[PDB]
Structures are given as C-alpha cells and as structure tokens.
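Residue numbering restarts at 1 for every chain, and letters A, B, ... go by the order of the sequence lines.
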Amino acid sequence: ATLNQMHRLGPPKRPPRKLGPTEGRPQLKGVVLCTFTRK
Amino acid sequence: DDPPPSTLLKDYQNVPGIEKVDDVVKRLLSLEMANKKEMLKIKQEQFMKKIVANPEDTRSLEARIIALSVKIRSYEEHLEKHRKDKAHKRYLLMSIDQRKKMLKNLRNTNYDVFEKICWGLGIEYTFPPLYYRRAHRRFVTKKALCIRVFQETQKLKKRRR
Amino acid sequence: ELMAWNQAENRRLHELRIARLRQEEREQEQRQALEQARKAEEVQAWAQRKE
Amino acid sequence: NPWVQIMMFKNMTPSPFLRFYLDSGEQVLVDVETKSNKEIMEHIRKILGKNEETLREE
Amino acid sequence: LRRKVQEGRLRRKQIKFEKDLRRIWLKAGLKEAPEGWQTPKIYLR
Amino acid sequence: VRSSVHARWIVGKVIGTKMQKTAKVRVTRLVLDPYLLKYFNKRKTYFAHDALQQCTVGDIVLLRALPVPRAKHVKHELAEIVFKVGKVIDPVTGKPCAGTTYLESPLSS
RNA sequence: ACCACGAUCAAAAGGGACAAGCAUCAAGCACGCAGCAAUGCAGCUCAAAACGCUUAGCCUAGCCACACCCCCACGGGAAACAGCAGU
Ligand SMILES: NC(=O)c1ccc[n+]([C@@H]2O[C@H](COP(=O)([O-])OP(=O)(O)OC[C@H]3O[C@@H](n4cnc5c(N)ncnc54)[C@H](O)[C@@H]3O)[C@@H](O)[C@H]2O)c1
Ligand SMILES: [K+]
Ligand SMILES: [Mg+2]
Ligand SMILES: [Mg+2]
Ligand SMILES: [Mg+2]
Ligand SMILES: [Mg+2]
Ligand SMILES: [Mg+2]
Ligand SMILES: [Mg+2]
Ligand SMILES: [Mg+2]
C-alpha cells in the first residue's frame, strides 16, 4: 500500500478479542444438572 | 450554421488568381464536391479567426478547445442519424469530458480567453457535482417530501408571524 | 531594517532577471528568424504546388 | 512552527516566490528564483526567524 | 415459500419507509402530511 | 486582545458564493501523521464576509478575523484577493500572467 | 490592595482543540446567509466520514461527572451509608 492509502485507512484496527466459555472470568460457580461420560 | 457549399477549400483559398478561374473549377475546389472533413476544417478556421488572438497558433489551449468543439459537433451530427453507434457515443462522451478539462484549465489560467471561448462556441461552463452517489427511488421520494415539508413549515411560520 | 534589506535583495534579483530576460529575448529573436525562414520556404513551395 | 499556516501553490505564476503574512497585516515577499533551498532557508531565518539569543533566553 | 417471505419483507420495508416519512413531518410540527402528499409504493412494481 | 476569533489570518480558496455577501472558503493546513511522520493536508471551511461580492469560485483569498462573529458561522472577513481566478498578476514583477507564462513581458516596461 | 490604580484566582458567554468500534449507520431534513427592522435569498453538513448505533470515566502533582430514581427536581415515586465502621 502507498503512503496515501495507509494514511487514509489509518492504524490497523485489531478486532476485539473473543470471550471464551468463562466470559473472561477466572472461574465460575455452577450447579450440576446431570452426570454422564463421553467418548 | 455550416459554411455555404460554394466556399473554397482551405488549401485552395489563398492561391493567386483563384478568383479568375472557370465556374467548373470553382465547383471542383469548393466544399460541395468534398467530404465533411474539409467543411469541419473551414469551421475550425472560422472559429479561430473569430475567437483567438493569433489564429495561426494551433498550439494554444483555446485552439485545442476550438478543434475539439468542432469534433464534438461532428460526433453529435453523426449520432443524430446513427443512434445505435456505441463507439461514437463513447467518443462523444470522452471528447466532452476532455473539453471540460481544458475549459477548467483555461478558466484557472486565462479568464479573459475563457470568457471569449465560452461566448464564441456557445459553451455553458458547469461546475462538477461535489458528491457522486446513486439517486435511488427511496432517496428521491424522501428528498421530495423533505422539500415539501420545509415549504409548509415556512408557510405556517409566516402565518404565525 | 530586516524588511528593508529583504526589499533590496528583491530589487537586486529583479535586475538580474531583467538581464537574463534581455539575453533570452535576443537569442529567441534569432532562433525565430531562422525558423520563420524555413517556414517561408515551405509556404512558398506549398503554394506553388497548389497553383 | 506548528501554529503557522503553510500553504503551497503550483504553476500559478512564471516565477517561484514566498509570501509571509504577519499579525499586523504587513506582507513580506521573498523572491526565490535562481536560489538554492539552503539560500532560501538562510534568508527566511535571517528576515523572520528568531535569533539564537532569543531561543537561548526561552 | 420464498415468494411469500420476500413479499412480506417488501411490505415491511414499505411500512418502515412510510413510518420514517411520517416521523419527519411529525417532528417538523405539521399535524398531517404535506398538502396533497401521498407516499408512493416504491418497493412494488 | 483585539478579537475573540481563534483564526486571526488565514489564506484559502473560495469554494462557494451562493450566500449573500458571504464567501465559503476552503483552508488547508499541514498536519503530521503520527505513525507515518508525513505531512498531509487537512481542510476546514470558513465563512467570510464579502460586502462587495467580489469573490469568484476558485480564487485565493486572505481572511482577517472579525472583532466578534457577525453570524453563527461568519467569523472572518475578506482582507484581499491574493490570486484572482484566471487573472493572476505576478507579485514579483507586477505583470499579468497566465499560468507559467507572461501575458505582458517584464521588459515591455 | 481593601481611597482605587490593579494583581491573583476563576464562573457564565464567544472562538478553537479534544476517546474507541461499526459505512451491511450514506445521506442529514431546515441543519444557512443578508438586512435597523419589515422582509429577501435558498441555502447549510457530508465518503478528507455528516447523520446514526454500540463501547468506555479521562490526557492521573490530578481532572471530569454523579450524589436513591424521573438527564434536570417546582412536582412525583418514595423514604435513600457511592462518609467511617458494619450487615
Ligand atoms: N464519495 C464521493 O462522492 C467522493 C467525492 C469526491 C472525491 N471522492 C474521492 O474518491 C475516493 C474514494 O472515496 P470512497 O472510498 O469513500 O468511495 P466508495 O468507493 O467507498 O463508494 C461510496 C460512494 O463514493 C463514490 N465514489 C467512489 N469512488 C469515487 C471517486 N473516485 N470519485 C467520486 N466518487 C466516488 C461512489 O459512487 C459511492 O457513491 C476518495 O479518495 C475520495 O476522496 C469521493
Ligand atoms: K442523575
Ligand atoms: Mg466557561
Ligand atoms: Mg447485515
Ligand atoms: Mg468505501
Ligand atoms: Mg460506564
Ligand atoms: Mg439527580
Ligand atoms: Mg461503608
Ligand atoms: Mg445507596
């Protein structure tokens, strides 16, 4: 890209980070509904 | 208006003794017995004599504008009859854009010559639109309603005051 | 005084410009004379062939 | 000189020049034709640039 | 079935367009639409 | 102390003349790009009082701040026309010019 | 100073500057100007990002905003620890 195009677009815009199963929290409390086994 | 068919060709208009020749020779050396390009040359020469300060200088911007205007008129005359000629439609549109560019440069550099060219060639200089966006149906209807609503608001305010 | 000195420098450069323009005018006059001689010869020949 | 408006123009006059507009309304014209960029810099510094003493005082 | 869904969506688009147009003259102070105004159906042939 | 308008003297190009006694002028300044460290033009629109309506679209003008704004957006007035559009007078030599060529030779006088 | 001359400090008002993401938010819809006024002109912003939605206290010798809620608090809901300790 040329300098004009870089100026027009501006600094790179990193997408916001994805929140995981814990929603960005160390731990979560939960109530067990059912127990089973998976393969 | 076109030059009369009796007028002599540009290349046979200054030959000494051209007025002392037979009527048949005059016809053979006139625009009547030639193609359209010689008539266009005569038109360009007439415009140059009428407009530019130095008609011999074909190198000036005004001379180029005159030549391109003659060409544009020729393309328009062609397209009046040849309505499905897409190539010549493209040539006409490009020529009009190029003439606009030259007129813009002339206006920026020499305003007096710009005025003289605009008057002589019957050209109405127009400023380009600021934004290029589609005028779709929704926008057109909405703009019409907004103009109307402003009008009744003005009427109501005049009645109030 | 700084503005006065600037104006004096402008006038000095103007005089240098006048000298340069006079030199260029003389040289261009001679070149135009030669080119017009060639043009006159060409016009004569072309008019003769038309006649 | 961040607060000084600098504007450039191309091929509007036969010769290159600089023009400075002052708060009083005075205008200073500097012809730069036939000069090198160092000469232009030195000239503008001389006529409208703060001298080194004033900068040291600041 | 895509015809029914599409025509319903076109109807909803027309309704939204009319609602925005109404919003404008309501905010401008006019109790009713501009005299003689009638919203055209632009999303139906 | 003499004016409440921030921009005291500004040079611009006239881009509009459709208002009565008011010229819409485009002013460019050089702004440094923090990342590229290159100077780019930044545009701002100013309304300038033009009592005599002598401004034409495309001419370069100088604007002087009013002591106080005379309207919502009119805070400046036309001090002079630096370059009339298509009617430039070479400030160095004082002669008319069309672009980079002299219409009247400096030697002519 | 306090006889004010004026310094310091600092509101209101005028000018300028001033966060992030999304253009699948692209048009906003009265947002301008001139006149002492009557009134006249039809203008103003915007792909160099207007208008809009979403996110976040900020540029930290500190600053901004809030003080249960209805932006505001005449009025209403209703009866207030986002002062310290404490539940
Ligand atoms: N959007 C405009 O109307 C417009 C007007 C003047 C200049 N430009 C310039 O064109 C370039 C493209 O801008 P963009 O990315 O925002 O447009 P874009 O490609 O994202 O399309 C949005 C709109 O801009 C128009 N457009 C696109 N390219 C254009 C061009 N070269 N000139 C004029 N209009 C154009 C399109 O017609 C469309 O209506 C930019 O450098 C811009 O400065 C655009
Ligand atoms: K509150
Ligand atoms: Mg304040
Ligand atoms: Mg989508
Ligand atoms: Mg785009
Ligand atoms: Mg928050
Ligand atoms: Mg409150
Ligand atoms: Mg507590
Ligand atoms: Mg509480």
Less than 4.0 angstrom between a side-chain N/O of B:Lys142 and OP1 or OP2 of G:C29, yes or no?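 Yes, because at least one side-chain N or O of B:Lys142 sits under 4.0 Å from OP1 or OP2 of G:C29.
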Taking only side-chain nitrogens and oxygens of F:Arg70, does any of them come within less than 4.0 Å of OP1 or OP2 of G:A34?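 Indeed, a polar side-chain atom of F:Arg70 lies that close.
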Who is the Watson-Crick or G-U wobble partner of [N], with both distances under 3.5 Å?
| N | value |
| --- | --- |
| G:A34 | G:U39 |
| G:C72 | none |
| G:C44 | G:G28 |
| G:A23 | none |
| G:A12 | none |

Determine the sugar pucker of [N]: a positive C1'-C2'-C3'-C4' angle counts as north, a negative one as south.
| N | value |
| --- | --- |
| G:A61 | south |
| G:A30 | south |
| G:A37 | north |
| G:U54 | north |
| G:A7 | north |

5' precedence on RNA chain G between B:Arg134 and E:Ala28 (nearest-nucleotide basis):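 So the residue in question is B:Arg134.
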Please figure out whether B:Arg138 or F:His49 has its closest RNA chain G nucleotide nearer the 5' end.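 In this pair, the answer is B:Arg138.
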Name the orientation of the base relative to the sugar in [N]: syn if the glycosidic angle is within 90° of 0, else anti.
| N | value |
| --- | --- |
| G:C5 | syn |
| G:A47 | syn |
| G:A50 | anti |

Sugar-phosphate means primed atoms, P, OP1 and OP2; the rest is base. With that split, encode nucleotides 40-46 of chain G 5' to 3' as B, S or - using protein heavy atoms under 4.0 Å. BSBSSSB
When you compare the pyrimidine-type six-membered rings of [N] and the adjacent [M], are the centres under 5.5 angstrom apart while the planes stay under 30 degrees?
| N | M | result |
| --- | --- | --- |
| G:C46 | G:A47 | no |
| G:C81 | G:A82 | no |
| G:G32 | G:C33 | yes |
| G:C71 | G:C72 | yes |
| G:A79 | G:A80 | no |

Between [N] and [M], how far apart are the two [atom1] atoms, rounded to whole Å?
| N | M | atom1 | value |
| --- | --- | --- | --- |
| G:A19 | G:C59 | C1' | 10 Å |
| G:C33 | G:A42 | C1' | 9 Å |
| G:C29 | G:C51 | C1' | 10 Å |
| G:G77 | G:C22 | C1' | 39 Å |
| G:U87 | G:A56 | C1' | 33 Å |
| G:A73 | G:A30 | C1' | 33 Å |

Partner set under side chain to side chain donor-acceptor pair (under 3.5 Å) for B:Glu115, not counting sequence neighbours: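 Testing B:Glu115 for side chain to side chain donor-acceptor pair (under 3.5 Å), a comparison that skips the adjacent residues, returns none.
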Given B:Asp85, which of B:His88, B:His82, B:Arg83, B:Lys89 fulfils the side-chain hydrogen bond (donor to acceptor under 3.5 Å, both in side chains) condition?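 So, applying the side-chain hydrogen bond (donor to acceptor under 3.5 Å, both in side chains) to B:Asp85 and each of B:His88, B:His82, B:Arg83, B:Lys89, only B:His88 qualifies.
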Indicate yes or no: at least one non-hydrogen side-chain atom of D:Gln27 is less than 4.5 angstrom from one of F:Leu62.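 A side-chain contact under 4.5 Å exists here.
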Measure the shortest side-chain to side-chain distance between F:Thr17 and F:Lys24 over non-hydrogen atoms and say whether it is less than 4.5 angstrom.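 Not touching, per the 4.5 Å side-chain cut-off.
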Between [X] ([atom1]) and [N] ([atom2]), how many Å, whole number?
| X | N | atom1 | atom2 | answer |
| --- | --- | --- | --- | --- |
| E:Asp20 | G:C29 | CG | P | 7 Å |
| B:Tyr132 | G:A48 | OH | P | 14 Å |
| B:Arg137 | G:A26 | CZ | P | 18 Å |
| E:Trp37 | G:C29 | CH2 | P | 15 Å |
| B:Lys157 | G:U39 | NZ | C1' | 13 Å |
| F:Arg43 | G:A49 | CZ | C1' | 12 Å |
| E:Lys16 | G:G52 | NZ | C1' | 14 Å |
| E:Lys27 | G:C31 | NZ | P | 11 Å |

Distances under 3.5 Å between nitrogen or oxygen atoms of protein and nucleotides 10-12 of chain G:
none

I need the minimum non-hydrogen distance between [X] and [Y], along with the two atoms involved.
| X | Y | result |
| --- | --- | --- |
| F:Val11 | D:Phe9 | CG1-CZ, 4.4 Å |
| B:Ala135 | B:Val140 | O-CG2, 3.6 Å |
| F:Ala48 | F:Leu63 | CB-CD2, 3.5 Å |
| F:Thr28 | D:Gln5 | O-NE2, 3.5 Å |

Is a donor from one side chain sitting under 3.5 angstrom from an acceptor on the other, for F:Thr56 and F:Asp59? no
If only side-chain N and O atoms count, and only distance matters, is there a donor-acceptor pair under 3.5 Å linking F:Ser109 with F:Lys95? yes
Write out all pairs satisfying salt bridge (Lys or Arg N to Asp or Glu O under 4.0 Å) with one or both partners inside residues 60-81 of chain F, taking only residues at least two apart or from two chains.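 The answer is F:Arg64-F:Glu77.
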Please produce a list of atom pairs where a protein N or O lies less than 3.5 Å from an N or O of nucleotides 14-23 of chain G.
| residue | atom | partner | partner atom | Å |
| --- | --- | --- | --- | --- |
| G:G14 | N2 | F:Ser4 | O | 3.0 |
| G:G15 | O4' | F:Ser4 | O | 3.3 |
| G:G15 | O3' | F:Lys75 | NZ | 3.2 |
| G:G15 | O2' | F:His6 | N | 2.9 |
| G:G16 | OP1 | F:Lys75 | NZ | 3.0 |

For the residue pair [X] and [Y], would you count it as a cation-pi contact if the rule is NZ or CZ under 6.0 angstrom from the ring centre and within 45 degrees of the ring axis?
| X | Y | answer |
| --- | --- | --- |
| E:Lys31 | E:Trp25 | no |
| E:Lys13 | E:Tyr43 | yes |
| F:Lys44 | F:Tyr46 | yes |

Flag if over 12 foreign heavy atoms under 6.0 Å of [atom1], [X]:
| X | atom1 | result |
| --- | --- | --- |
| E:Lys41 | NZ | yes |
| F:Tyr35 | OH | no |
| F:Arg8 | CZ | yes |

Polar atom pairs between nucleotides 57-59 of chain G and protein, under 3.5 Å, N or O only, would you list them?
none

Would you mind classifying the nucleic acid contact of A:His7 as base, sugar-phosphate or nothing, using non-hydrogen atoms under 4.0 angstrom? nothing
So B:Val149, base contact, sugar-phosphate only, or nothing? Heavy-atom distance under 4.0 Å. nothing
So that I know where these two stand, are C:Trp5 and D:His43 an aromatic pair - ring centroids less than 6.0 Å apart?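 Ring-ring flag for C:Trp5/D:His43: true, centres closer than 6.0 Å.
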